[PDB]
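# A look at the structure
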Amino acid sequence: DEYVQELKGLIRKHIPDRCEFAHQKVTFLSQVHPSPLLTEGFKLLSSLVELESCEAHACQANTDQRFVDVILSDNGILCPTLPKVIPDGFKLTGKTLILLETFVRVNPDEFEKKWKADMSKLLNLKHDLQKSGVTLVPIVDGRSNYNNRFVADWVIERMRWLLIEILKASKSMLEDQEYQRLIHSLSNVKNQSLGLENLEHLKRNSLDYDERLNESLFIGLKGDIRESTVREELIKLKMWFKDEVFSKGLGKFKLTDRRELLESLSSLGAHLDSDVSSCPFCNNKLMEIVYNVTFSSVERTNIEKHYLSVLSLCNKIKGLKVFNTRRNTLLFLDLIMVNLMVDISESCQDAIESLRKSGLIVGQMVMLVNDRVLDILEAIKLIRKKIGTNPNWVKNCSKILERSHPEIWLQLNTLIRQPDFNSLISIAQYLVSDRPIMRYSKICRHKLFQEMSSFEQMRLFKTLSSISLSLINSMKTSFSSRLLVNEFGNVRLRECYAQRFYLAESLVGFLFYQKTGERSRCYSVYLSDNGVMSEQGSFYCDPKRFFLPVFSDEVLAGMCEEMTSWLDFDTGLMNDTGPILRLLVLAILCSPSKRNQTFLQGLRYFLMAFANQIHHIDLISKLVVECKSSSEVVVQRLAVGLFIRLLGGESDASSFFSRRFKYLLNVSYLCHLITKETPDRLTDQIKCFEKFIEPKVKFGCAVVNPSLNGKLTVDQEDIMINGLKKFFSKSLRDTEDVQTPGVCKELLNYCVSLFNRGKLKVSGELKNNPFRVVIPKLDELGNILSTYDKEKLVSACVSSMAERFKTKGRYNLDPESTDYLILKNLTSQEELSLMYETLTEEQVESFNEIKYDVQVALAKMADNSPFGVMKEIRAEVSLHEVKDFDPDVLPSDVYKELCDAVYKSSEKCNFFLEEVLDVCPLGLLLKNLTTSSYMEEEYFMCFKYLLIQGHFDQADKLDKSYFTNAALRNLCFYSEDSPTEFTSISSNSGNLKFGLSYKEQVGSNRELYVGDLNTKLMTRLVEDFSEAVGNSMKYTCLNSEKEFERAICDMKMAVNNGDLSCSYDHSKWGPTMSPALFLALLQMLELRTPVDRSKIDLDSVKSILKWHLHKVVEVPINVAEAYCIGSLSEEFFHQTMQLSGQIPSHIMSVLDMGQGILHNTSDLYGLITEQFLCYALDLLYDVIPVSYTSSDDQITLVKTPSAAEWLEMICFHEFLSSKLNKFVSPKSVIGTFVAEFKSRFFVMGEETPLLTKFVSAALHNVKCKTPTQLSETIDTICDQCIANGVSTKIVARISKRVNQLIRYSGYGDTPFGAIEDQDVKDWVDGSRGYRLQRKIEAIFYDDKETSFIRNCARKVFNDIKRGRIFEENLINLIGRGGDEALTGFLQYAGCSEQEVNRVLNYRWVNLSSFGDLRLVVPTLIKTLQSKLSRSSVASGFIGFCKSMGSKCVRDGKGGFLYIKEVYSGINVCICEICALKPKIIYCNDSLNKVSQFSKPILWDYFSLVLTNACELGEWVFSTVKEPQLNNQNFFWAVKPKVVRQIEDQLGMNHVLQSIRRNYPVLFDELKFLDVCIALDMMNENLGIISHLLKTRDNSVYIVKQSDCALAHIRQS
Amino acid sequence: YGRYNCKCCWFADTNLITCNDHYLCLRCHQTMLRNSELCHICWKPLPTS
Ligand SMILES: [Zn+2]
Ligand SMILES: [Zn+2]
């Protein structure tokens, strides 16, 4: 009551402009009492920001703050009996209305958890209000501070800075947990330190529930067992075990019996049960068509480009939407093309035979606009029909292409050329053949693939390339594109989509299909040799799994010949195993499926089990997968037919086992060529959820809906606590119930108590102690437009348009000015299609619904005969309508097809109109827009509009005025959800949500849990805490590279040394263990910090893994309706249907630990328990083990004293390891020859090269932004592929796949482009910076033109070094540009003008000259910010070949142009400058018209020389010397040997030399570093500092001697 | 020398002639004498007797 005099005069400076503040302040000044001062004189600051978001958008604030049901009843609208909410601002007109709520938060943690609750509360208001006959538009207003306009930002902080004392004085002069969350809400801008102590200062109340937890949860643990009592337990235990359960046969391991496995594998693989055929081509359906192409044509023109030119003009003339529909703007340029066709018929004698069957038209066929084959005669019907429908059709559209139009055309007469129907019949009767047939839904002759010569098999892969490319760009077709003719044994094909593909110089083929999209198709392939058509079959697939072969004949034949050449030790074996690998390689690519992926993965477990000496007992009952079709057998007879062939013959077939091992492991990885995509996601999520739920109800723990804030009912609780003490049940000496979750609590007692004493190899010492936008909903992950965005941007667009025609009164929408709003903020007729074609079908089918509900909203904005019974209303219309509740969600499969035609076919009434009226005034769209598909041929969308038209949708309160939990909703800024008083299980605020997803791994789907925002913050604490705990440990290797390196160095020396090394794994290491186990481990740890040697309190961690015990895992919504239609998870649902029938949406659990959440907090558990088991064998079997762990994989290397007699050790280790629910999967192998660790298979005496992962990863990962960025990633992966010593030739042929995919992309060529060919040593010594010098000095092959710029580099570099300054102010002379900096430097070094004459005339055409290539400041800033700060490939390659041929290159003036217009803007300059390398290097005279793009190449050659002198050498300068047999397969290891002329430690030194380069660029955003930093900021293609701040990162290269004695030499 | 098993065939233990830098069995000695005299594991010549 000390500021009570100040406060009334403090806020007198807010003028009551309306009635909103006037009655508020007259009841404020008349009440001098602090009991209502801090409620009613506090409700004005909530009233003050509320006006800001209602002054902002179109709004009327609720000054009465009352219900929604009676705010509609002040109008004449009947009562809909709504749910009860209070809106905080509205704007109503007609039959639509705008709700807005208002709330302001500060921290990100409890702002999104008001947004998500408010949005869920408003979007569950429609379902009673859709039935009211009205739609609404909801918005929310997030504010991250107080930014009012009606106050001036200097009085509001005085409010919260002087009312911050008045409540402490008010409750000290005179309610408990409604106090300090009000403090944390009324607190200032909180850049708030959040840590382990943030938990510490809350209340920690109780429930009388957690005692029953601790009654099962801490009891048997005392943790202080004496260290001489454990030995007397362990010797008794082993003596019990060996005599009890071993010798009566319950051991998990055995002695492998090396003959039985090869008989087992033949009975595994060669399906003599099945009735498949012996020939491979007959069974598969696409190898059939490949064999028909490659032996129908292998044993064996100005009007063309005129036709192509005018058709390529037709392509650009379609993409405008100017002819008021999409139908006559097909037929019009159809008419144009057919008149121009008959305009060639009248020119020559023979053109339509010799040059048109040789090209573009086969027997009764025509090629035109999109890709459509049209097959003449139906046009002649349709064109005559069109001129019948309108008497004078081409009189206005004949040259409507002038007005409101481009009026840039070359169509001379064919605009107006009325086609003589009596003229085309001569042509149509001339060429007639059989119409195309396309199959839906017995003898053999195929020349026996092993009996074809060694040349024409390449003619299989070459044809696979040409068919596969037509498969690939069969996505490029427009996705909207309705055909002209709509409508299952065998169909004769009227018109279809198609591609072309060339084989020789006379003939093409074809590829016919009916559906557009990215989904599966049903193709067919014909030929056309010289005009004659010939069918060759029909197959059925999906495109986007075929990116791999697309240009890769020489790739897939260099690695299949690299690999066979390994077997030059038995020539007769090699000539057999050769052509049986190649049919395998073909057959896998020709059949990408999960099953023939998984089986090919499952053979590296077999192979270690055949070289090593003990396998698990259950493995042969796990290598089998049921071949669902008769194509997965063709691979499962040839892999097995290879494994029987060269693993073991009946003789001594083990001459060189190592190459057999290498060569067969590379077959087991040759799996990997199938693209990891999980072929459909609505059959993937069901397998993901069903893989999650199976180990839970088997142990019986899963629940239904918790309350999500603390409390649990008793019945829900008791199954939790019963699962808890069933978890800790597990008596120590019973051999039944061993594969069961839980821990033996008496044994964990020993495990933790010996850790207390310092006798393990780890110990609780613990240095440096640890104690210091759009956000989605959680029922749909993997998708790219969740439910909440998709109404948000719609309602925002509604508000953005609803105002802009009430600023003037237009009251008419332009149908593209309403499609400019969405299509901008999701991602002028050329601008729209410039940014429309860069979508994906997944977004197109969302966009169409957005167009729908936006236009329905605007149609509702302006508004204020059912007797067509052919098919009844009675049980068809109203039934499906009420079942689906929307017209919007109607399916098509309740009816037939023709009723969609005929119920559309009622005549015109007031429901329709004519004259389609692109002006489109508002108030007529409900009858205008349906005519747009009355006149266009489609029917179903017109059915939906005609159905949506016709109405077919139907003092105590002074004690209560202080903030109680009923008085929460009085404020917006109250912050209802703030963490105030945490409980044993929750945090008073939430319940730690999660969410579902898979991961798209190679063999099987790995799951992945999505967390929310608070959950990540509370998981970082535990995870980084345990990371610091394990930081002081000695044997973990997850995040430390160095210990992982030491383990690798150990395994290498130890396989060479006669040891016995195991290799374990753990089946469901993720979903088995429990957070309560981590509770029961942290109860009895010590962790004495060496600073203050004391047992620290981990109650900051012990009270928060209790939260991790009780997570709320959601379910995917796509499986909430997929099990709803129609399998033990489905049994689990349909037994929770027989309860109170709520849908089961929330599953609290016992035993989750989803992979990647509590990840490092189980890595030490797999180290603590591993060392405990590691001690149990030093004392009971007198050996010395050492046991690494990477939280999912192990290896425990064992020395033995003084050969598999000691099975006893290993099985007993398995029995102990089963006692802590670390189960051992049957995938493991233990022996003495092979050991893996994280897929690095370490054989005796060597390392295994593993070729076919690197090629198979390099052919993928074609990511597309700029075609030099795309030629960087593949240079990196070619550095890794030569890190393991493949060869040069395969690297030299990835570098033509990547090159031609750019040349195919319209780009043309440039001297940088893809990386070079024939490169040999420049992988070991040098970066991309070294190789671009070798690419450019390959052009000047006489080397008489760039030795002199190296002479200038010698004269500059020996003088720009130390001991001399000699213009160290060159920071400006480079910044002039590129044309004259070389003229500065050269005449600085000195020669004539004639040298500058013979140098500056060489020019390359740039296209990233002024700006960069645009497809919706250099790269140095965006790289250095990354040191400062901290969908398929084959649908991401089509967006690089569709938005590159378009208007995409720019000048410095504002605008863009084409590439061809530039490449038409060039002369011919035959005089020996251009004839050095054509279309690469130009003259200077030939770039006379376009001269704003010609930069020299010699400028960047000098730039690269002066960069590589910085980074290495003084041998970038010398003349490249001429290079100087061994067996092909002797490779050895090399080191880099780079001679670096800087000083190290550049992690900071680069930023402090950017003041001395550019002050404004550092403002907004050593000894030789600075000369080569302006040689990088001026262009893009150098890339220097990303190779200086890091290191080479391999440094361990292995190379073949026949790739190392052949290389060159550049000494000094 | 290194480990006491065969460098080529890995599964033999007795009657092993110590080659240049690797152990080797009498069985797989003969399937290298017919192809060459130079070995294909160490790429260095081997004892004859
Ligand atoms: Zn041998
Ligand atoms: Zn050898």
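Residues numbered from 1 in each chain as written, not as in the entry; some residues may be left out. Chains lettered and ligands numbered in written order. Heavy atoms only, no water. Residues with missing side-chain atoms left out of burial classes, pairs and counts.

### Some points on the interface of chain B and chain A
Counting residues at the interface gives 16 residues for chain B and 22 residues for chain A. Between chain B and chain A the total buried area reaches about 1,700 Å² when both faces are included, carbon and sulfur atoms providing 64% of it. Taken together, the connections running from chain B to chain A amount to one salt bridge. At the boundary of chain B with chain A, the tally comes to five residue pairs in polar contact. Residue composition of the side of chain B that touches chain A, grouped by class: seven nonpolar, five polar and four charged. (Contact = heavy atoms within 4.5 Å. Buried area = accessible area lost by both parts, 1.4 Å probe. Salt bridge = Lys/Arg side-chain N within 4 Å of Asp/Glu carboxyl O. Polar contact = N/O pair within 3.5 Å; in protein donor to acceptor, adjacent residues only side chain to side chain. Nonpolar A, V, L, I, M, F, W, Y, C, P; charged D, E, K, R; others polar.)

### Thoughts on the coordination of the zinc ion (ligand 2)
Put simply, a metal with four donors set out as a tetrahedron has ideal angles of 109.5 degrees, and one with six donors set out as an octahedron has ideal angles of 90 or 180 degrees. Residues and elements named next belong to chain B. Within the first shell, the zinc ion (ligand 2) binds the protein through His22 (NE2) and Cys39 (SG), at distances of 2.2 to 2.5 Å. On the criterion of sequence distance, the pair formed by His22 in the segment before α1 (26-33) and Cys39 in the segment after α1 is long-range, its members being 17 residues apart. Both residues of the pair, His22 and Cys39, count as buried. (Donors = N, O, S within 2.8 Å, 3.2 Å for Na, K, Ca; no water. Helix = DSSP H or I, 4+ residues; strand = E, 2+ residues; numbered from the N terminus. Buried < 20%, exposed > 50% of the residue type's maximum accessible area, 1.4 Å probe, protein only.)

### So, the packing of helix α24 (residues 604-611) of chain A against helix α26 (residues 657-668) of chain A
Two measures define how a pair of helices packs: the angle their axes make with one another and the distance between the axes. Residues and elements named next belong to chain A. Running from N to C, α24 and α26 point in directions that differ by 165°, and their axes come no closer than 10 Å. Here α26 runs roughly antiparallel to α24, going by the angle between their axes. The handedness of the crossing between α24 and α26 is left-handed. Contacts between α24 and α26 involve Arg604, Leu607, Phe610 and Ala611 on the former and, on the latter, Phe657, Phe661, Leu664, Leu665 and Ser668. Here the contact of α24 with α26 is composed, by residue class, of seven nonpolar, one polar and one charged. (Axes fitted to C-alpha atoms, helices over the stretch in contact; angles between N-to-C directions. Parallel < 35°, antiparallel > 145°, perpendicular 65-115°, else oblique. Left-handed = near helix turned anticlockwise from the far one by under 90°.)

### So, the UniProt feature "binding site: Mg(2+)" in chain A
Residues and elements named next belong to chain A. Taking the UniProt record as the reference, the feature "binding site: Mg(2+)" is found at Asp1193. The topology assignment puts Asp1193 in the loop between β14 (1186-1189) and β15 (1194-1198). Aside from chain neighbours lying at most four places away, what touches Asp1193 is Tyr1064, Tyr1188, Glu1236, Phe1237 and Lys1238. (UniProt positions renumbered as here; feature names shortened; annotations may be inferred.)

### Some words on the UniProt feature "active site" in chain A
Residues and elements named next belong to chain A. Following the UniProt record, the feature "active site" maps to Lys114 here. Along the polypeptide, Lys114 turns up in helix α6 (residues 112-122). Setting aside residues no more than four positions away along its own chain, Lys114 makes contact with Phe103, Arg105 and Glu976.

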